[PDB]
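Chemist: Structure file target_4.txt, compact mmCIF, C-alpha atoms and all ligand atoms, is pasted below:
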# COMPACT_ATOMS: atom_id res chain seq x y z
CA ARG A 5 -36.07 3.77 -7.02
CA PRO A 6 -35.96 6.26 -9.94
CA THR A 7 -37.59 5.61 -13.34
CA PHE A 8 -35.06 4.43 -15.98
CA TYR A 9 -35.18 4.81 -19.80
CA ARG A 10 -33.37 2.64 -22.42
CA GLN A 11 -31.63 3.65 -25.69
CA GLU A 12 -28.93 2.44 -28.14
CA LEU A 13 -26.06 4.89 -28.91
CA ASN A 14 -23.04 3.71 -31.04
CA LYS A 15 -23.91 -0.06 -30.79
CA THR A 16 -24.37 -0.04 -26.92
CA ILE A 17 -27.55 -0.23 -24.71
CA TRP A 18 -27.70 2.63 -22.13
CA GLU A 19 -30.35 2.25 -19.37
CA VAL A 20 -30.17 5.31 -16.99
CA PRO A 21 -32.37 7.35 -14.57
CA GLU A 22 -34.52 10.14 -16.17
CA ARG A 23 -32.41 12.77 -14.30
CA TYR A 24 -29.57 12.21 -16.94
CA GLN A 25 -30.48 13.90 -20.30
CA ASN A 26 -28.94 14.57 -23.79
CA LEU A 27 -26.44 11.63 -23.61
CA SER A 28 -23.58 11.90 -26.21
CA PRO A 29 -20.73 9.35 -26.73
CA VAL A 30 -17.29 10.76 -25.64
CA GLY A 31 -15.12 7.59 -25.94
CA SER A 32 -14.52 3.91 -24.99
CA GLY A 33 -11.65 1.68 -23.72
CA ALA A 34 -11.08 -1.91 -22.46
CA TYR A 35 -12.63 -0.80 -19.08
CA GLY A 36 -15.94 0.70 -20.40
CA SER A 37 -17.83 3.24 -22.61
CA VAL A 38 -18.39 6.96 -21.65
CA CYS A 39 -21.21 9.49 -22.49
CA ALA A 40 -21.40 13.20 -21.61
CA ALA A 41 -24.83 14.12 -20.09
CA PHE A 42 -26.72 16.97 -18.34
CA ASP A 43 -27.67 16.04 -14.74
CA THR A 44 -31.06 17.77 -14.03
CA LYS A 45 -30.81 17.12 -10.22
CA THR A 46 -27.46 19.00 -9.70
CA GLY A 47 -27.27 21.25 -12.81
CA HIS A 48 -23.74 19.91 -13.69
CA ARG A 49 -22.47 18.41 -17.01
CA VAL A 50 -21.34 14.84 -16.05
CA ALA A 51 -19.44 11.81 -17.41
CA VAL A 52 -21.48 8.54 -17.25
CA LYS A 53 -19.24 5.43 -17.55
CA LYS A 54 -20.85 2.01 -18.25
CA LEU A 55 -18.39 -0.72 -17.16
CA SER A 56 -17.64 -3.46 -19.77
CA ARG A 57 -17.80 -7.13 -18.61
CA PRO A 58 -17.52 -6.11 -14.90
CA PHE A 59 -18.01 -9.75 -13.54
CA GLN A 60 -16.57 -11.83 -16.46
CA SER A 61 -13.68 -13.33 -14.31
CA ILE A 62 -12.53 -13.37 -10.64
CA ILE A 63 -9.85 -10.76 -11.66
CA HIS A 64 -12.53 -8.51 -13.36
CA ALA A 65 -15.08 -8.87 -10.46
CA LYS A 66 -12.36 -7.91 -7.85
CA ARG A 67 -11.20 -4.94 -10.06
CA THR A 68 -14.86 -3.71 -10.24
CA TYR A 69 -15.16 -3.88 -6.39
CA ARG A 70 -11.72 -2.15 -5.96
CA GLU A 71 -12.65 0.81 -8.22
CA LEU A 72 -16.10 1.37 -6.56
CA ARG A 73 -14.57 1.26 -3.02
CA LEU A 74 -11.79 3.76 -3.95
CA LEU A 75 -14.18 6.27 -5.72
CA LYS A 76 -16.73 6.09 -2.76
CA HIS A 77 -13.92 7.03 -0.31
CA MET A 78 -12.29 10.04 -2.05
CA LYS A 79 -13.76 13.37 -0.64
CA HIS A 80 -11.19 16.20 -1.34
CA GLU A 81 -11.12 19.43 -3.50
CA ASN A 82 -8.02 18.18 -5.48
CA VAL A 83 -9.21 14.53 -6.10
CA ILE A 84 -12.01 13.18 -8.40
CA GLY A 85 -15.11 12.18 -6.37
CA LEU A 86 -18.20 10.04 -7.08
CA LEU A 87 -21.41 12.00 -7.90
CA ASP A 88 -23.56 8.79 -8.37
CA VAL A 89 -23.48 5.00 -8.98
CA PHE A 90 -26.48 3.00 -10.29
CA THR A 91 -27.71 -0.23 -11.79
CA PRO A 92 -31.07 -0.87 -13.55
CA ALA A 93 -31.22 -4.30 -11.78
CA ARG A 94 -34.14 -4.69 -9.25
CA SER A 95 -32.42 -7.62 -7.34
CA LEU A 96 -28.99 -9.33 -6.87
CA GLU A 97 -30.26 -12.20 -9.10
CA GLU A 98 -30.63 -9.92 -12.22
CA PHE A 99 -27.52 -7.68 -11.42
CA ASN A 100 -25.09 -7.43 -14.39
CA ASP A 101 -24.37 -3.73 -15.20
CA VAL A 102 -22.64 -0.94 -13.17
CA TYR A 103 -22.65 2.82 -14.13
CA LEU A 104 -20.33 5.45 -12.49
CA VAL A 105 -21.08 9.28 -12.61
CA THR A 106 -18.41 12.04 -12.13
CA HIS A 107 -18.04 15.80 -12.97
CA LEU A 108 -17.23 16.15 -16.71
CA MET A 109 -13.54 17.24 -17.10
CA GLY A 110 -12.23 19.59 -19.89
CA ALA A 111 -8.52 20.29 -20.32
CA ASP A 112 -5.74 18.16 -18.76
CA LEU A 113 -2.23 19.37 -17.84
CA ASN A 114 -0.91 18.09 -21.27
CA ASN A 115 -3.00 20.83 -22.98
CA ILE A 116 -1.68 23.70 -20.72
CA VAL A 117 2.10 22.56 -20.77
CA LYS A 118 2.09 22.31 -24.64
CA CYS A 119 0.13 25.54 -25.44
CA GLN A 120 0.41 28.08 -22.54
CA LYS A 121 3.18 30.45 -21.28
CA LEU A 122 3.49 29.53 -17.53
CA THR A 123 4.81 31.97 -14.88
CA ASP A 124 6.64 30.68 -11.77
CA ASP A 125 3.38 31.56 -9.87
CA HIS A 126 1.41 29.10 -12.12
CA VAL A 127 4.00 26.31 -11.43
CA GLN A 128 3.82 27.06 -7.62
CA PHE A 129 -0.07 26.84 -7.65
CA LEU A 130 -0.34 23.70 -9.86
CA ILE A 131 2.28 21.64 -7.93
CA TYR A 132 0.84 22.90 -4.55
CA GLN A 133 -2.60 21.43 -5.53
CA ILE A 134 -1.08 18.02 -6.63
CA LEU A 135 0.79 17.78 -3.24
CA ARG A 136 -2.38 18.83 -1.23
CA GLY A 137 -4.32 16.03 -2.97
CA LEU A 138 -1.44 13.51 -2.45
CA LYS A 139 -1.17 14.35 1.31
CA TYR A 140 -4.88 13.33 1.52
CA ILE A 141 -4.51 10.12 -0.64
CA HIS A 142 -1.31 8.92 1.18
CA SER A 143 -2.87 9.55 4.69
CA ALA A 144 -5.37 6.67 3.77
CA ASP A 145 -2.38 4.37 2.72
CA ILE A 146 -3.51 4.62 -0.96
CA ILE A 147 -0.78 4.72 -3.72
CA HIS A 148 -1.93 6.42 -7.02
CA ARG A 149 0.74 4.54 -9.17
CA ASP A 150 -0.03 6.43 -12.48
CA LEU A 151 0.48 10.21 -11.98
CA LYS A 152 1.19 11.88 -15.38
CA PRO A 153 -0.13 15.08 -17.16
CA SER A 154 -3.12 13.27 -18.88
CA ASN A 155 -4.38 12.15 -15.35
CA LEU A 156 -4.55 15.80 -14.04
CA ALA A 157 -7.67 17.88 -14.94
CA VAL A 158 -7.20 21.73 -14.99
CA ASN A 159 -9.78 24.58 -15.55
CA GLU A 160 -9.49 28.28 -16.75
CA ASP A 161 -8.84 29.35 -13.09
CA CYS A 162 -5.76 26.95 -12.86
CA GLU A 163 -7.71 24.70 -10.36
CA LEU A 164 -6.56 21.00 -10.51
CA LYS A 165 -8.02 17.51 -9.75
CA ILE A 166 -6.19 14.14 -9.63
CA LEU A 167 -7.98 11.31 -11.53
CA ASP A 168 -7.51 7.81 -13.07
CA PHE A 169 -5.99 5.97 -10.08
CA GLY A 170 -3.89 2.87 -10.99
CA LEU A 171 -6.17 -0.17 -10.41
CA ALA A 172 -3.20 -2.44 -11.47
CA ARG A 173 -4.56 -2.17 -15.09
CA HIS A 174 -1.39 -1.44 -17.22
CA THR A 175 0.14 -4.35 -19.27
CA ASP A 176 3.74 -5.17 -20.50
CA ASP A 177 2.94 -4.02 -24.12
CA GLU A 178 1.60 -0.65 -22.74
CA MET A 179 4.99 0.09 -20.97
CA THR A 180 7.20 -0.86 -24.03
CA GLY A 181 9.25 1.60 -26.19
CA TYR A 182 8.82 5.41 -26.67
CA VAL A 183 5.70 5.79 -24.48
CA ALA A 184 4.42 8.49 -22.07
CA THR A 185 2.93 5.64 -19.91
CA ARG A 186 6.54 4.89 -18.59
CA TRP A 187 8.27 8.37 -18.62
CA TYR A 188 6.83 9.40 -15.15
CA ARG A 189 7.59 6.03 -13.29
CA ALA A 190 10.39 5.65 -10.62
CA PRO A 191 13.31 3.52 -11.96
CA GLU A 192 13.02 0.85 -9.16
CA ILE A 193 9.35 0.01 -10.15
CA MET A 194 9.66 0.18 -14.02
CA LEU A 195 12.45 -2.52 -13.84
CA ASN A 196 10.46 -4.43 -11.09
CA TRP A 197 13.30 -4.17 -8.43
CA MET A 198 11.13 -2.84 -5.49
CA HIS A 199 7.52 -3.55 -4.30
CA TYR A 200 5.25 -0.44 -4.83
CA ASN A 201 5.12 2.14 -1.96
CA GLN A 202 3.76 5.73 -1.70
CA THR A 203 7.24 7.31 -2.37
CA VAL A 204 6.85 6.32 -6.08
CA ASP A 205 4.16 9.09 -6.50
CA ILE A 206 6.67 11.82 -5.32
CA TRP A 207 9.13 10.74 -8.14
CA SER A 208 6.23 11.29 -10.61
CA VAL A 209 5.53 14.81 -9.15
CA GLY A 210 9.26 15.65 -9.67
CA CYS A 211 9.03 14.62 -13.37
CA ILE A 212 5.76 16.70 -13.81
CA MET A 213 7.24 19.83 -12.06
CA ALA A 214 10.45 19.66 -14.27
CA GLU A 215 8.23 19.54 -17.44
CA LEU A 216 6.12 22.63 -16.31
CA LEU A 217 9.44 24.57 -15.74
CA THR A 218 11.12 23.62 -19.15
CA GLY A 219 8.10 22.71 -21.36
CA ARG A 220 9.89 19.39 -22.21
CA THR A 221 9.64 15.76 -20.92
CA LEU A 222 12.40 15.13 -18.29
CA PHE A 223 13.13 11.42 -19.09
CA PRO A 224 11.67 10.57 -22.56
CA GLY A 225 13.33 7.15 -22.88
CA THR A 226 13.04 4.99 -26.09
CA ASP A 227 12.87 1.80 -23.85
CA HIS A 228 13.39 0.86 -20.14
CA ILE A 229 17.27 0.82 -20.44
CA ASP A 230 17.53 4.13 -22.37
CA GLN A 231 15.24 5.71 -19.70
CA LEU A 232 17.39 4.34 -16.80
CA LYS A 233 20.56 5.84 -18.48
CA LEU A 234 18.81 9.31 -18.74
CA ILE A 235 17.82 9.04 -15.00
CA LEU A 236 21.33 8.02 -13.75
CA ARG A 237 23.06 10.77 -15.84
CA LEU A 238 20.99 13.40 -13.90
CA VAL A 239 20.90 11.99 -10.29
CA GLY A 240 24.13 9.86 -10.51
CA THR A 241 24.60 6.07 -9.98
CA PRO A 242 23.43 4.12 -6.88
CA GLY A 243 25.74 4.51 -3.83
CA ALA A 244 26.92 1.31 -1.99
CA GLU A 245 24.39 2.11 0.83
CA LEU A 246 21.51 1.95 -1.77
CA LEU A 247 23.08 -1.21 -3.41
CA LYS A 248 22.77 -2.93 0.06
CA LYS A 249 18.92 -2.50 -0.06
CA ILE A 250 18.45 -4.37 -3.44
CA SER A 251 17.28 -8.05 -2.98
CA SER A 252 17.80 -9.43 -6.57
CA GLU A 253 21.40 -10.64 -7.26
CA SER A 254 20.77 -10.10 -11.06
CA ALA A 255 19.69 -6.42 -10.46
CA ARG A 256 22.95 -5.60 -8.51
CA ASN A 257 25.25 -7.28 -11.15
CA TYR A 258 23.67 -5.10 -13.93
CA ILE A 259 23.85 -1.74 -12.01
CA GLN A 260 27.52 -2.63 -11.15
CA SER A 261 28.30 -3.01 -14.90
CA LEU A 262 27.67 0.78 -15.47
CA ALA A 263 30.52 3.40 -15.12
CA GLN A 264 30.02 5.54 -11.97
CA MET A 265 28.54 9.06 -12.53
CA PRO A 266 28.07 11.94 -10.03
CA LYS A 267 24.74 13.83 -9.43
CA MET A 268 24.60 16.83 -11.86
CA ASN A 269 24.26 20.53 -10.86
CA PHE A 270 20.44 21.13 -11.15
CA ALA A 271 20.92 24.98 -11.46
CA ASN A 272 22.87 24.23 -14.75
CA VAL A 273 20.03 21.85 -15.95
CA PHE A 274 16.95 24.05 -15.02
CA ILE A 275 18.59 27.29 -16.25
CA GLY A 276 16.86 30.43 -14.86
CA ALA A 277 14.38 28.58 -12.59
CA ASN A 278 13.50 29.97 -9.12
CA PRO A 279 16.30 28.71 -6.78
CA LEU A 280 13.54 27.41 -4.36
CA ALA A 281 12.09 25.32 -7.31
CA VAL A 282 15.58 23.83 -7.99
CA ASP A 283 15.95 23.00 -4.22
CA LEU A 284 12.54 21.19 -4.13
CA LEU A 285 13.37 19.18 -7.35
CA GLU A 286 16.66 17.98 -5.71
CA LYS A 287 14.52 16.70 -2.71
CA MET A 288 11.97 14.77 -4.92
CA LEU A 289 14.32 13.26 -7.61
CA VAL A 290 16.38 11.06 -5.18
CA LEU A 291 17.21 7.50 -6.31
CA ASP A 292 16.78 5.96 -2.77
CA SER A 293 13.01 6.06 -2.13
CA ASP A 294 13.62 6.07 1.72
CA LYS A 295 15.33 9.55 1.32
CA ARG A 296 12.72 11.29 -0.88
CA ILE A 297 10.66 14.22 0.55
CA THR A 298 7.02 13.25 1.54
CA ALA A 299 3.87 15.16 0.41
CA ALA A 300 3.31 16.53 3.99
CA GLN A 301 6.98 17.69 4.22
CA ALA A 302 6.83 19.29 0.69
CA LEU A 303 3.74 21.45 1.55
CA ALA A 304 5.88 23.27 4.22
CA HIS A 305 8.78 23.99 1.73
CA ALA A 306 9.45 27.73 1.19
CA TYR A 307 8.59 27.39 -2.59
CA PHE A 308 4.84 27.27 -1.55
CA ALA A 309 4.97 30.12 1.08
CA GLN A 310 2.17 32.16 -0.70
CA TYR A 311 -0.32 29.15 -0.79
CA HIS A 312 0.57 26.95 2.29
CA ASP A 313 -2.20 26.96 4.98
CA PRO A 314 -1.67 24.21 7.60
CA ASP A 315 -5.34 24.64 8.76
CA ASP A 316 -6.66 23.88 5.18
CA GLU A 317 -4.61 20.77 4.12
CA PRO A 318 -6.90 17.95 5.29
CA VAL A 319 -6.23 14.20 5.83
CA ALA A 320 -8.57 11.33 4.87
CA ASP A 321 -10.82 9.09 7.00
CA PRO A 322 -9.22 5.65 7.57
CA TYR A 323 -9.48 3.25 4.52
CA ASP A 324 -9.84 -0.59 5.09
CA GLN A 325 -8.12 -2.45 2.16
CA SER A 326 -8.16 -5.90 3.90
CA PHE A 327 -10.27 -7.20 0.95
CA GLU A 328 -7.06 -7.10 -1.22
CA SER A 329 -5.66 -10.25 0.55
CA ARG A 330 -9.05 -12.10 0.38
CA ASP A 331 -9.73 -15.14 -1.88
CA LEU A 332 -13.43 -15.10 -3.05
CA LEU A 333 -15.64 -16.54 -5.85
CA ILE A 334 -17.08 -14.33 -8.70
CA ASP A 335 -20.58 -14.31 -7.12
CA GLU A 336 -19.09 -13.23 -3.67
CA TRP A 337 -17.26 -10.20 -5.31
CA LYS A 338 -20.51 -9.46 -7.21
CA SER A 339 -22.61 -9.49 -3.95
CA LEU A 340 -20.07 -7.17 -2.18
CA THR A 341 -20.25 -4.73 -5.18
CA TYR A 342 -24.13 -4.82 -5.20
CA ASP A 343 -24.18 -3.85 -1.46
CA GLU A 344 -21.81 -0.86 -2.20
CA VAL A 345 -24.10 0.31 -5.12
CA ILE A 346 -27.30 0.22 -2.92
CA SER A 347 -25.64 1.87 0.18
CA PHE A 348 -24.25 4.90 -1.81
CA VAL A 349 -25.19 8.33 -0.32
CA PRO A 350 -24.65 11.33 -2.63
CA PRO A 351 -22.71 14.44 -1.58
CA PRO A 352 -24.72 17.55 -0.41
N1 LIG B 1 15.23 1.86 -1.30
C1 LIG B 1 15.11 1.85 -2.68
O1 LIG B 1 14.92 2.91 -3.29
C2 LIG B 1 15.21 0.53 -3.38
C3 LIG B 1 14.92 -0.65 -2.68
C4 LIG B 1 14.97 -1.89 -3.29
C5 LIG B 1 15.31 -1.98 -4.66
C6 LIG B 1 15.60 -0.83 -5.40
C7 LIG B 1 15.58 0.46 -4.77
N2 LIG B 1 15.93 1.65 -5.46
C8 LIG B 1 16.73 1.74 -6.61
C9 LIG B 1 17.81 0.86 -6.89
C10 LIG B 1 18.58 1.06 -8.03
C11 LIG B 1 18.29 2.14 -8.87
CL1 LIG B 1 19.34 2.43 -10.23
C12 LIG B 1 17.25 3.00 -8.64
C13 LIG B 1 16.45 2.81 -7.50
CL CL B 2 -34.37 10.22 -12.18
CL CL B 3 -15.01 15.90 -8.15
CL CL B 4 -28.15 -4.93 -14.51
CL CL B 5 0.55 12.03 -20.03
CL CL B 6 -12.91 1.81 5.11
MG MG B 7 -5.93 8.64 -17.91
I'd like the structure from this file rewritten - as structure tokens, please.
Modeler:
Amino acid sequence: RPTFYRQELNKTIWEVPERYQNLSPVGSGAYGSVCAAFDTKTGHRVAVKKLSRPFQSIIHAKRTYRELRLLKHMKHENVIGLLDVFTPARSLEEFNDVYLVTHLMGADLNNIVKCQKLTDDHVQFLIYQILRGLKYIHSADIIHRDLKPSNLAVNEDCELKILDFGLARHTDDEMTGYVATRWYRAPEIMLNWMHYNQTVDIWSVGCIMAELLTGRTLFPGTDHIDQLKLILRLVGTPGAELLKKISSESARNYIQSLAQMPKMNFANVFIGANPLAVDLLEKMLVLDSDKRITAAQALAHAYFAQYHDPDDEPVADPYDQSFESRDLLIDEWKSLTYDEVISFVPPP
């Protein structure tokens, strides 16, 4: 067991191993508080996140367990990984606080799309990395659910990591009105017409790629209905074959109220783009999720010919998510989480 030291920074008690020095507050949300620190064991600058109220309800206790399991599993160059997890507790009986440690991130993709002149080669490399990371995540039957520019970390060498997985956190208020939180979502999930599946992440990559090519948001709707009208004007209205797949009677009656529109010519929308970029966008931005290109299929598209290496695009170890259908008490979720804290083995 390491030696811990205690201090108060910005109205919060931090109790951490001596290895973490020069702690400085960097933000806080509903989920926890974050400090930047220097890790003397590894030599890296790190983010230390102290969870808030991790075991306050059954919902909160299960969310805590879900996040720790997902971060412990992810071991890939283009996905955030877990450097450390700790608690100052000496036993299950006094266990209350959980701290998570990751590499400290600088710029996100928002910064570089707003401020930088991007070549076609930059767009090829950035979208290649997102798809390499997604091939890995989807091979474990994990859905990200919240891919958007603010959840993609980028450095000065254009190297990219996926972070901030959807832990089913977002609320109704958060998705309402003129908000970036909804602009990257597939239209069948934002109107709650289909159960989530891994094809929803490929719609989000289409929206991100369009915005790197034009420097503008593809579907900046003022509310759910405005956003659906922007989507259908570009890709056209649902065909009868797609209508057949919708369960809700009330969903079908609404779609059927709209005038029919054809799919637009994407070369006349993305004016001057690489023809191979236009072809890949037409394969991602498909209304019927069964017909969208997969991450593994996209990596072999001719747009990525200069980066594609089928011997260096790894898949994940198998991931057991059977806990998601399990009904437990707060103290049972808390015991499972304690075992995952004490069994953690750091990377090389
Ligand atoms: N297969 C699907 O993709 C799907 C399945 C069930 C329910 C909805 C669906 N997709 C959808 C329907 C209508 C519209 Cl406008 C946009 C996407
Ligand atoms: Cl230490
Ligand atoms: Cl990492
Ligand atoms: Cl504790
Ligand atoms: Cl964003
Ligand atoms: Cl597993
Ligand atoms: Mg985020």
Chemist: Throw together the list of residues within 10 Å of ligand LIG 1 (chain B), counting all atoms listed in the file, and drop it here as an mmCIF file with C-alpha atoms, keeping the file's coordinate frame.
Modeler:
data_model
loop_
_atom_site.group_PDB
_atom_site.id
_atom_site.type_symbol
_atom_site.label_atom_id
_atom_site.label_comp_id
_atom_site.auth_asym_id
_atom_site.auth_seq_id
_atom_site.Cartn_x
_atom_site.Cartn_y
_atom_site.Cartn_z
ATOM 1 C CA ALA A 190 10.390 5.650 -10.620
ATOM 2 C CA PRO A 191 13.310 3.520 -11.960
ATOM 3 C CA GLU A 192 13.020 0.850 -9.160
ATOM 4 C CA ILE A 193 9.350 0.010 -10.150
ATOM 5 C CA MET A 194 9.660 0.180 -14.020
ATOM 6 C CA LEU A 195 12.450 -2.520 -13.840
ATOM 7 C CA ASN A 196 10.460 -4.430 -11.090
ATOM 8 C CA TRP A 197 13.300 -4.170 -8.430
ATOM 9 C CA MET A 198 11.130 -2.840 -5.490
ATOM 10 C CA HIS A 199 7.520 -3.550 -4.300
ATOM 11 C CA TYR A 200 5.250 -0.440 -4.830
ATOM 12 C CA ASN A 201 5.120 2.140 -1.960
ATOM 13 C CA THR A 203 7.240 7.310 -2.370
ATOM 14 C CA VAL A 204 6.850 6.320 -6.080
ATOM 15 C CA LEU A 232 17.390 4.340 -16.800
ATOM 16 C CA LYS A 233 20.560 5.840 -18.480
ATOM 17 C CA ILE A 235 17.820 9.040 -15.000
ATOM 18 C CA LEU A 236 21.330 8.020 -13.750
ATOM 19 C CA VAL A 239 20.900 11.990 -10.290
ATOM 20 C CA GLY A 240 24.130 9.860 -10.510
ATOM 21 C CA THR A 241 24.600 6.070 -9.980
ATOM 22 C CA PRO A 242 23.430 4.120 -6.880
ATOM 23 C CA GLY A 243 25.740 4.510 -3.830
ATOM 24 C CA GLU A 245 24.390 2.110 0.830
ATOM 25 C CA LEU A 246 21.510 1.950 -1.770
ATOM 26 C CA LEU A 247 23.080 -1.210 -3.410
ATOM 27 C CA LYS A 248 22.770 -2.930 0.060
ATOM 28 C CA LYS A 249 18.920 -2.500 -0.060
ATOM 29 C CA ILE A 250 18.450 -4.370 -3.440
ATOM 30 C CA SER A 251 17.280 -8.050 -2.980
ATOM 31 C CA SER A 252 17.800 -9.430 -6.570
ATOM 32 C CA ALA A 255 19.690 -6.420 -10.460
ATOM 33 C CA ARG A 256 22.950 -5.600 -8.510
ATOM 34 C CA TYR A 258 23.670 -5.100 -13.930
ATOM 35 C CA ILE A 259 23.850 -1.740 -12.010
ATOM 36 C CA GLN A 260 27.520 -2.630 -11.150
ATOM 37 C CA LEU A 262 27.670 0.780 -15.470
ATOM 38 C CA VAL A 290 16.380 11.060 -5.180
ATOM 39 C CA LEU A 291 17.210 7.500 -6.310
ATOM 40 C CA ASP A 292 16.780 5.960 -2.770
ATOM 41 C CA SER A 293 13.010 6.060 -2.130
ATOM 42 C CA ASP A 294 13.620 6.070 1.720
ATOM 43 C CA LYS A 295 15.330 9.550 1.320
ATOM 44 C CA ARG A 296 12.720 11.290 -0.880
#
Chemist: Write out as a tab-separated table the residues of range 42-77 of chain A that have any atom within 9 Å of an atom of range 28-37 of chain A, one row each with the nearest atom pair and its distance in Å to one decimal, counting all atoms listed in the file, sorted by chain and then rising number.
Modeler:
residue	atom	partner	partner_atom	distance
A:51	CA	A:30	CA	8.6
A:52	CA	A:37	CA	8.4
A:53	CA	A:37	CA	5.7
A:54	CA	A:37	CA	5.4
A:55	CA	A:36	CA	4.3
A:56	CA	A:36	CA	4.5
A:57	CA	A:35	CA	8.2
A:58	CA	A:35	CA	8.3
Chemist: Grab the residues selected above and save them as a short mmCIF file (atom, residue, chain, number, x, y, z; two decimals), in the frame of the given file with C-alpha atoms.
Modeler:
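What ended up in selection22.cif:
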data_model
loop_
_atom_site.label_atom_id
_atom_site.label_comp_id
_atom_site.auth_asym_id
_atom_site.auth_seq_id
_atom_site.Cartn_x
_atom_site.Cartn_y
_atom_site.Cartn_z
CA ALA A 51 -19.44 11.81 -17.41
CA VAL A 52 -21.48 8.54 -17.25
CA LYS A 53 -19.24 5.43 -17.55
CA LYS A 54 -20.85 2.01 -18.25
CA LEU A 55 -18.39 -0.72 -17.16
CA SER A 56 -17.64 -3.46 -19.77
CA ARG A 57 -17.80 -7.13 -18.61
CA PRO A 58 -17.52 -6.11 -14.90
#
Chemist: At a cut-off of 10 Å and counting only C-alpha atoms and all ligand atoms, what residues surround ligand CL 2 (chain B)? Please answer as a list in words.
Modeler: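 Going residue by residue within 10 Å of ligand CL 2 (chain B), we get residues 5, 6, 7, 8, 9, 20, 21, 22, 23, 24, 25, 43, 44 and 45 of chain A.
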Chemist: Using all atoms listed in the file, determine which residues fall within 6 Å of ligand CL 3 (chain B), then list them as a list in words.
Modeler: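 For ligand CL 3 (chain B), the residues inside 6 Å are residues 84, 85 and 107 of chain A.
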Chemist: 7 Å from ligand MG 7 (chain B) is the threshold here; counting only C-alpha atoms and all ligand atoms, which polymer residues fall inside it? Answer as a list in words.
Modeler: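 The residues near ligand MG 7 (chain B) are residues 154, 155 and 168 of chain A.
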Chemist: For ligand CL 4 (chain B), which of A:277, A:184, A:345, A:75 is the closest residue, counting all atoms listed in the file?
Modeler: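 Checking each of A:277, A:184, A:345, A:75 against ligand CL 4 (chain B), counting all atoms listed in the file, the winner is A:345.
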Chemist: Between chain A and ligand CL 5 (chain B), at 10 Å or less, what are the per-residue closest atom pairs and their distances in Å? Count all atoms listed in the file, order by chain and rising residue number, and return it as JSON lines.
Modeler:
{"residue": "A:112", "atom": "CA", "partner": "B:CL5", "partner_atom": "CL", "distance": 8.9}
{"residue": "A:113", "atom": "CA", "partner": "B:CL5", "partner_atom": "CL", "distance": 8.1}
{"residue": "A:114", "atom": "CA", "partner": "B:CL5", "partner_atom": "CL", "distance": 6.4}
{"residue": "A:115", "atom": "CA", "partner": "B:CL5", "partner_atom": "CL", "distance": 9.9}
{"residue": "A:150", "atom": "CA", "partner": "B:CL5", "partner_atom": "CL", "distance": 9.4}
{"residue": "A:151", "atom": "CA", "partner": "B:CL5", "partner_atom": "CL", "distance": 8.3}
{"residue": "A:152", "atom": "CA", "partner": "B:CL5", "partner_atom": "CL", "distance": 4.7}
{"residue": "A:153", "atom": "CA", "partner": "B:CL5", "partner_atom": "CL", "distance": 4.2}
{"residue": "A:154", "atom": "CA", "partner": "B:CL5", "partner_atom": "CL", "distance": 4.0}
{"residue": "A:155", "atom": "CA", "partner": "B:CL5", "partner_atom": "CL", "distance": 6.8}
{"residue": "A:156", "atom": "CA", "partner": "B:CL5", "partner_atom": "CL", "distance": 8.7}
{"residue": "A:183", "atom": "CA", "partner": "B:CL5", "partner_atom": "CL", "distance": 9.2}
{"residue": "A:184", "atom": "CA", "partner": "B:CL5", "partner_atom": "CL", "distance": 5.6}
{"residue": "A:185", "atom": "CA", "partner": "B:CL5", "partner_atom": "CL", "distance": 6.8}
{"residue": "A:186", "atom": "CA", "partner": "B:CL5", "partner_atom": "CL", "distance": 9.4}
{"residue": "A:187", "atom": "CA", "partner": "B:CL5", "partner_atom": "CL", "distance": 8.7}
{"residue": "A:188", "atom": "CA", "partner": "B:CL5", "partner_atom": "CL", "distance": 8.4}
{"residue": "A:212", "atom": "CA", "partner": "B:CL5", "partner_atom": "CL", "distance": 9.4}
{"residue": "A:221", "atom": "CA", "partner": "B:CL5", "partner_atom": "CL", "distance": 9.9}
Chemist: Produce as a ChimeraX atom specification the set of residues near ligand CL 6 (chain B), where near means within 12 Å with all atoms listed in the file considered.
Modeler: /A:70,73-78,144-146,320-327,344
Chemist: Looking at A:132, A:99, A:207, A:182, which one is nearest to ligand CL 4 (chain B), with distances taken over only C-alpha atoms and all ligand atoms?
Modeler: A:99
Chemist: Determine, counting only C-alpha atoms, every residue of protein, DNA or RNA that lies within 6 Å of (-20.8, 12.0, -11.7) in the file coordinates, then give the result as a list in words.
Modeler: residues 50, 51, 86, 87, 88, 105, 106 and 107 of chain A
Chemist: Within 10 Å of ligand CL 4 (chain B), counting all atoms listed in the file: which residues, as an mmCIF file with C-alpha atoms, keeping the file's coordinate frame?
Modeler:
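What follows is the written file out.cif:
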data_model
loop_
_atom_site.group_PDB
_atom_site.id
_atom_site.type_symbol
_atom_site.label_atom_id
_atom_site.label_comp_id
_atom_site.auth_asym_id
_atom_site.auth_seq_id
_atom_site.Cartn_x
_atom_site.Cartn_y
_atom_site.Cartn_z
ATOM 1 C CA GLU A 19 -30.350 2.250 -19.370
ATOM 2 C CA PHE A 90 -26.480 3.000 -10.290
ATOM 3 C CA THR A 91 -27.710 -0.230 -11.790
ATOM 4 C CA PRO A 92 -31.070 -0.870 -13.550
ATOM 5 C CA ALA A 93 -31.220 -4.300 -11.780
ATOM 6 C CA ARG A 94 -34.140 -4.690 -9.250
ATOM 7 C CA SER A 95 -32.420 -7.620 -7.340
ATOM 8 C CA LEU A 96 -28.990 -9.330 -6.870
ATOM 9 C CA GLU A 97 -30.260 -12.200 -9.100
ATOM 10 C CA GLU A 98 -30.630 -9.920 -12.220
ATOM 11 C CA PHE A 99 -27.520 -7.680 -11.420
ATOM 12 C CA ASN A 100 -25.090 -7.430 -14.390
ATOM 13 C CA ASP A 101 -24.370 -3.730 -15.200
ATOM 14 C CA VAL A 102 -22.640 -0.940 -13.170
ATOM 15 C CA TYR A 103 -22.650 2.820 -14.130
#
